[PDB]
Amino acid sequence: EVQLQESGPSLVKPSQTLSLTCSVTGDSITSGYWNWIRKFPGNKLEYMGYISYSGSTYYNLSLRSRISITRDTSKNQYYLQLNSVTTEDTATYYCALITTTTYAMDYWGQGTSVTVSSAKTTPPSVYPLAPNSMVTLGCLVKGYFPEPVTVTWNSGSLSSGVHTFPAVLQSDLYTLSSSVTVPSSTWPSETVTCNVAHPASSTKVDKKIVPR
Amino acid sequence: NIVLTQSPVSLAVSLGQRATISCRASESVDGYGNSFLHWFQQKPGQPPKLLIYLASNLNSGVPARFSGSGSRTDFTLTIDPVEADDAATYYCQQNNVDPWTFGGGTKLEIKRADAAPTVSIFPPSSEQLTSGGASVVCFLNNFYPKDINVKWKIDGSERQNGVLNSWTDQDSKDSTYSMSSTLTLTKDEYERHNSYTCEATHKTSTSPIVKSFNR
Amino acid sequence: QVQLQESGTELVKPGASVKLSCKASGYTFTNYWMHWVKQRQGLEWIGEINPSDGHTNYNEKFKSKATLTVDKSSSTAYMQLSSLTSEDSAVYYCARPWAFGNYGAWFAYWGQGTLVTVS
Amino acid sequence: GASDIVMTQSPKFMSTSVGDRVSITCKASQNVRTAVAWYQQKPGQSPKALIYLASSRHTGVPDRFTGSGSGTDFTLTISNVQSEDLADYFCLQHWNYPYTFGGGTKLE
């Protein structure tokens with residue numbers, strides 16, 4: 001049961017070097033082919049390259065002179081370096097494995113968002129949204145940078161009936177909202193809280209939704 | 001360089017019925033007895049997941065509802081029957097020839113029954129107000145089809161600037177869509193008006209669906 | 001290290017046949033195809049074999065001259081050269097592709113070569 | 001066969017002084033995209049890969065060796081030529097069967 005996990009900065013200045021790490025657990029990187037892939041904000045996927053079990057590398061033609069992939073077999077980690085990044089390198093970066101069972105990228109990390117910008121990290125303000133068989137409540141997460149932000153309700157206990165909307169960028173600040181619908185029997189009888197995290201600013205907020 | 005072209009770029013298929021999507025390669029992806037052409041499903045907020053490898057092999061644990069065929073430069077992914085959970089974008093990928101590439105993706109929509117948006121409007125919170133800002137929020141939730149328009153009115157008059165909108169992808173459970181619209185004003189502007197209104201126009205309704213509150 | 005160890009120098013009478021070998025180590029033998037190459041002054045690709053299933057693909061120029069086989073248990077590839085003439089005097093190499101697929105087909109690891117002299 | 005790809009390699013041989021930069025070209029008779037590798041071969045030794053996929057350097061090869069090109073025109077450039085570089089050089093295409101080599105260049 002191999003597991004891959006990307007880590008590294010979420011925000012990088014233009015012209016600087018982007019560096020990411022993939023930490024592998026379960027399987028040794030001395031087997032298979034260890035890949036980096038990215039997905040642009042417009043959703044297109046681009047294959048970047050690999051380092052093989054033997055240490056050989058394959059760099060995709062369009063990145064061939066800007067990229068380096070290295071590894072550390074003792075730590076079971078491998079690494080991406082992308083040089084002289086521009087705003088066009090903003091993307092979600094994935095590490096994935098190819099085994100010779102399928103010759104296909106068969107196991108994938110959850111991906112890490114990297115933003116290339118000179119804009120500054122800014123924490124969000126979180127506002128409760130409060131007002132029939134069902135009642136809909138919400139949270140407004142406003143004015144943060146960069147992506148991403150995570151929102152849960154009741155620490156994830158409240159799952160169904162949740163909509164968290166894609167963030168909208170305005171003046172280099174993002175704004176996102178999330179709605180949750182619950183039986184009117186349960187609110188405000190039982191508390192409803194949104195939990196908002198923004199790793200880039202080390203922000204974690206809990207906002208209890210209170211009747212007006 | 002080799003290019004993978006997927007078609008259609010999007011399609012809507014009824015629950016229980018067949019999706020057929022195509023991938024054409026500009027150069028042959030066959031080599032050494034294999035077609036190095038693989039198919040992936042990518043749901044929002046998730047990484048791609050391998051469905052079919054080497055053109056026609058079911059990846060371990062994947063439903064046999066998914067099947068792949070083809071060779072050389074012409075490939076097909078078939079999904080039959082389509083289920084709600086299949087709302088996703090589908091990608092082909094080749095690794096026979098440098099440069100390795102992905103197709104541009106095919107978005108599969110589930111064609112379900114029409115459903116009117118549930119609209120809810122929310123005044124600015126005292127938290128934001130005490131800080132000098134005023135955002136009025138409107139949720140237009142669980143509708144189908146995805147086409148929808150929102151209009152804001154303040155004291156009966158349409159307001160256009162200060163509005164930001166966001167749309168979800170299709171829900172994996174009920175096959176609906178949702179939209180969020182925020183009208184942001186200054187506290188001072190917000191306090192000199194009484195009626196705040198958000199209106200949805202949608203195929204399911206001959207009149208706009210309106211929610212309001214007076215300050 | 002990947003290593004391909006080929007058999008020793010051969011002296012072959014005209015019209016006779018010879019079978020060369022290439023013992024592979026330092027990688028999983030059956031996960032890679034094997035190529036063979038002839039050098040008299042330039043190089044010519046003879047053909048390739050998949051050790052996993054024995055499938056072969058030949059350069060048409062050598063279809064009537066070379067026969068490739070493998071012994072999976074011993075991680076050894078073989079090339080039989082038939083009915084030799086002086087034109088077959090050459091150094092023959094075995095070589096392993098870098099990786100899979102066509103992009104990976106380039107010959108990354110070579111044997112030391114085997115001299116064959118017809119006389 | 002008439003459809004076999006021909007790799008036309010030039011020059012046939014050359015001489016230079018230590019420290020100099022030299023270039024070897026290969027012209028493919030058909031579009032082979034980037035599926036071209038370059039090899040070095042010393043007398044009595046097997047070929048050793050220098051460059052693969054037209055422009056990537058094989059493990060351990062010094063950056064004095066550079067490859068460029070795509071389609072039909074490919075170049076191997078050797079900068080700061082050293083005594084160790086006196087040898088034969090060959091290109092290989094692996095775009096389509098049969099795989100074929102350039103005729104070679106002797107650097108002496």
# chains A, B, ... in the order shown; residues from 1 in each chain; ligands from 1

$ closest_atom_pairs --of "chain D" --to "chain C" --cutoff "12 Å" --atoms "only C-alpha atoms" --output "Markdown table"
| residue | atom | partner | partner_atom | distance |
| --- | --- | --- | --- | --- |
| D:1 | CA | C:60 | CA | 7.6 |
| D:2 | CA | C:60 | CA | 11.4 |
| D:3 | CA | C:60 | CA | 11.5 |
| D:4 | CA | C:59 | CA | 9.8 |
| D:6 | CA | C:44 | CA | 11.5 |
| D:7 | CA | C:43 | CA | 11.4 |
| D:8 | CA | C:42 | CA | 11.9 |
| D:9 | CA | C:42 | CA | 11.1 |
| D:12 | CA | C:42 | CA | 11.4 |
| D:32 | CA | C:103 | CA | 11.0 |
| D:33 | CA | C:103 | CA | 10.3 |
| D:34 | CA | C:103 | CA | 8.6 |
| D:35 | CA | C:103 | CA | 6.5 |
| D:36 | CA | C:106 | CA | 7.8 |
| D:37 | CA | C:106 | CA | 6.7 |
| D:38 | CA | C:106 | CA | 9.6 |
| D:39 | CA | C:107 | CA | 9.5 |
| D:41 | CA | C:42 | CA | 11.0 |
| D:42 | CA | C:112 | CA | 11.8 |
| D:43 | CA | C:41 | CA | 11.5 |
| D:44 | CA | C:112 | CA | 8.7 |
| D:45 | CA | C:112 | CA | 6.6 |
| D:46 | CA | C:112 | CA | 5.6 |
| D:47 | CA | C:110 | CA | 7.1 |
| D:48 | CA | C:110 | CA | 7.5 |
| D:49 | CA | C:108 | CA | 6.2 |
| D:50 | CA | C:108 | CA | 9.5 |
| D:51 | CA | C:108 | CA | 10.0 |
| D:52 | CA | C:106 | CA | 7.4 |
| D:53 | CA | C:103 | CA | 7.5 |
| D:54 | CA | C:106 | CA | 11.0 |
| D:57 | CA | C:108 | CA | 11.7 |
| D:58 | CA | C:108 | CA | 8.7 |
| D:59 | CA | C:108 | CA | 10.3 |
| D:88 | CA | C:42 | CA | 9.8 |
| D:89 | CA | C:42 | CA | 10.1 |
| D:90 | CA | C:42 | CA | 8.3 |
| D:91 | CA | C:43 | CA | 9.8 |
| D:92 | CA | C:106 | CA | 7.7 |
| D:93 | CA | C:106 | CA | 7.8 |
| D:94 | CA | C:106 | CA | 6.1 |
| D:95 | CA | C:102 | CA | 7.0 |
| D:96 | CA | C:102 | CA | 8.4 |
| D:97 | CA | C:59 | CA | 7.3 |
| D:98 | CA | C:59 | CA | 5.3 |
| D:99 | CA | C:45 | CA | 6.0 |
| D:100 | CA | C:45 | CA | 6.4 |
| D:101 | CA | C:43 | CA | 6.1 |
| D:102 | CA | C:42 | CA | 7.7 |
| D:103 | CA | C:42 | CA | 5.3 |
| D:104 | CA | C:42 | CA | 6.4 |
| D:105 | CA | C:42 | CA | 9.7 |
| D:106 | CA | C:41 | CA | 11.0 |

$ interface_residues --of "chain A" --to "chain D" --cutoff "9 Å" --atoms "only C-alpha atoms" --output "ChimeraX atom specification"
/A:55-59,61,64-65

$ write_last_selection --atoms "N, CA, C and O atoms" --output "JSON list (two decimals), in the first residue's frame"
[["chain", "number", "residue", "atom", "x", "y", "z"],
["A", 55, "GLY", "N", 17.85, 5.60, -10.86],
["A", 55, "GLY", "CA", 18.39, 6.94, -10.78],
["A", 55, "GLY", "C", 18.44, 7.70, -12.10],
["A", 55, "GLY", "O", 18.83, 8.88, -12.11],
["A", 56, "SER", "N", 18.07, 7.07, -13.21],
["A", 56, "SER", "CA", 17.99, 7.75, -14.50],
["A", 56, "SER", "C", 16.82, 8.72, -14.52],
["A", 56, "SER", "O", 15.82, 8.50, -13.83],
["A", 57, "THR", "N", 16.93, 9.78, -15.31],
["A", 57, "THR", "CA", 15.85, 10.75, -15.36],
["A", 57, "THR", "C", 15.29, 10.96, -16.76],
["A", 57, "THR", "O", 16.00, 10.82, -17.78],
["A", 58, "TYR", "N", 14.00, 11.28, -16.80],
["A", 58, "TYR", "CA", 13.32, 11.63, -18.04],
["A", 58, "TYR", "C", 12.67, 12.97, -17.80],
["A", 58, "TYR", "O", 11.84, 13.12, -16.90],
["A", 59, "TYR", "N", 13.07, 13.96, -18.58],
["A", 59, "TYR", "CA", 12.49, 15.29, -18.42],
["A", 59, "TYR", "C", 11.73, 15.58, -19.67],
["A", 59, "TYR", "O", 12.26, 15.42, -20.77],
["A", 61, "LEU", "N", 10.16, 17.24, -22.83],
["A", 61, "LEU", "CA", 10.80, 18.10, -23.80],
["A", 61, "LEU", "C", 10.67, 19.60, -23.51],
["A", 61, "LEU", "O", 11.65, 20.34, -23.63],
["A", 64, "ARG", "N", 12.79, 20.48, -20.39],
["A", 64, "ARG", "CA", 14.04, 19.73, -20.35],
["A", 64, "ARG", "C", 15.26, 20.50, -19.86],
["A", 64, "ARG", "O", 16.21, 19.90, -19.36],
["A", 65, "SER", "N", 15.24, 21.82, -19.98],
["A", 65, "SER", "CA", 16.38, 22.63, -19.57],
["A", 65, "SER", "C", 16.10, 23.51, -18.36],
["A", 65, "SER", "O", 16.92, 24.36, -18.01]]

$ interface_residues --of "chain C" --to "chain A" --cutoff "10 Å" --atoms "only C-alpha atoms" --output "PyMOL selection string"
chain C and resi 1-2+27+31+98-101+103-104

$ atom_distance --atom1 "CA of residue 19 in chain A" --atom2 "CA of residue 98 in chain B"
24.3 Å

$ closest_atom_pairs --of "chain A" --to "chain B" --cutoff "9 Å" --atoms "only C-alpha atoms" --output "tab-separated table"
residue	atom	partner	partner_atom	distance
A:43	CA	B:104	CA	8.5
A:44	CA	B:104	CA	6.1
A:45	CA	B:102	CA	6.3
A:46	CA	B:101	CA	6.7
A:47	CA	B:101	CA	6.2
A:48	CA	B:100	CA	8.6
A:49	CA	B:100	CA	8.7
A:59	CA	B:99	CA	8.7
A:60	CA	B:99	CA	5.6
A:61	CA	B:99	CA	5.6
A:62	CA	B:99	CA	8.0
A:94	CA	B:47	CA	7.6
A:102	CA	B:53	CA	5.9
A:103	CA	B:54	CA	7.3
A:104	CA	B:53	CA	6.1
A:105	CA	B:50	CA	7.1
A:106	CA	B:50	CA	5.7
A:107	CA	B:49	CA	7.7
A:108	CA	B:47	CA	6.5
A:109	CA	B:47	CA	7.0
A:110	CA	B:47	CA	5.6
A:111	CA	B:47	CA	6.6
A:125	CA	B:128	CA	8.4
A:126	CA	B:128	CA	8.6
A:127	CA	B:125	CA	6.4
A:128	CA	B:125	CA	6.4
A:129	CA	B:122	CA	6.0
A:130	CA	B:122	CA	6.3
A:131	CA	B:122	CA	5.8
A:136	CA	B:120	CA	7.2
A:137	CA	B:122	CA	8.7
A:138	CA	B:122	CA	8.6
A:140	CA	B:137	CA	8.3
A:163	CA	B:178	CA	7.6
A:164	CA	B:168	CA	7.8
A:165	CA	B:168	CA	5.7
A:166	CA	B:166	CA	6.0
A:167	CA	B:166	CA	7.1
A:168	CA	B:166	CA	6.6
A:170	CA	B:164	CA	8.6
A:175	CA	B:164	CA	8.8
A:176	CA	B:166	CA	8.2
A:177	CA	B:180	CA	7.3
A:178	CA	B:180	CA	8.6
A:179	CA	B:139	CA	7.5

$ residues_around --residues "residue 11 in chain C" --least-positions-apart "5" --cutoff "10 Å" --atoms "only C-alpha atoms" --output "list in words"
residues 18, 89, 115, 116, 117, 118 and 119 of chain C

$ closest_residue --among "D:31, D:24, D:10, D:18" --to "chain B" --atoms "only C-alpha atoms"
D:31

$ closest_residue --among "B:183, B:200, B:140, B:97" --to "chain D" --atoms "only C-alpha atoms"
B:97
